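Trainee: Structure incoming, see below.
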Amino acid sequence: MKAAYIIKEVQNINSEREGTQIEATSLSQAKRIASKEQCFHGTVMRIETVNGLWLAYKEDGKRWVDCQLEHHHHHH
């Protein structure tokens, strides 16, 4: 089944902008779509859920960085 993702192209890793709605059948496929859709040299592509959770992002010339998906809990 397709899932909804949001792809953002941002100037800086810790920047926020409106993204674009995509559908993809896996996170792997969403990453392929996001890299293909990059419009500007030197920006960061980020994949989020519709609820705004960071899933992964990629700077130019670097590999995808996968982000932590679970809510925090106390370890002590």
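Here Cβ is always computed from backbone atoms with ideal geometry, including for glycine, and neighbour counts include all displayed protein chains. The numbers here are math on the coordinates, done by the rules we state, and not lab data.
Trainee: Could you identify which residue out of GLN29, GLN38, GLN11 has the top mean-square fluctuation in a GNM of the chain using Cα springs shorter than 10 Å?
Mentor: Evaluated over the chain, the most mobile residue of the options is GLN29.
Trainee: Follow-up. Quick one: order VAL50, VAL10 by neighbouring beta-carbon count within 10 Å, fewest to most.
Mentor: Listed from fewest to most nearby Cβ atoms, that is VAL50, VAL10.
Trainee: Give the peptides 60-67, 40-47 in descending order of average Cβ contacts within 10 Å, highest first.
Mentor: Answer by packing, highest mean first, reads 40-47, 60-67.
Trainee: For the chain, which longest stretch is free of loop sites, where a loop site is one of the GluC sites (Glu not before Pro) that DSSP puts outside H, G, I, E and B and that has at most 13 other Cβ atoms within 10 Å?
Mentor: Longest run free of exposed loop sites: 19-69.
Trainee: Excluding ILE7 itself, what net charge comes from residues whose Cβ is under 9 Å from its Cβ, given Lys and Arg +1 and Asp and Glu -1?
Mentor: Charge balance near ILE7 sits at -1.
Trainee: Then there's this: Using a basic spin-label model with each label point 7 Å from the Cα along Cα→Cβ, how many nm lie between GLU16 and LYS62?
Mentor: 2.1
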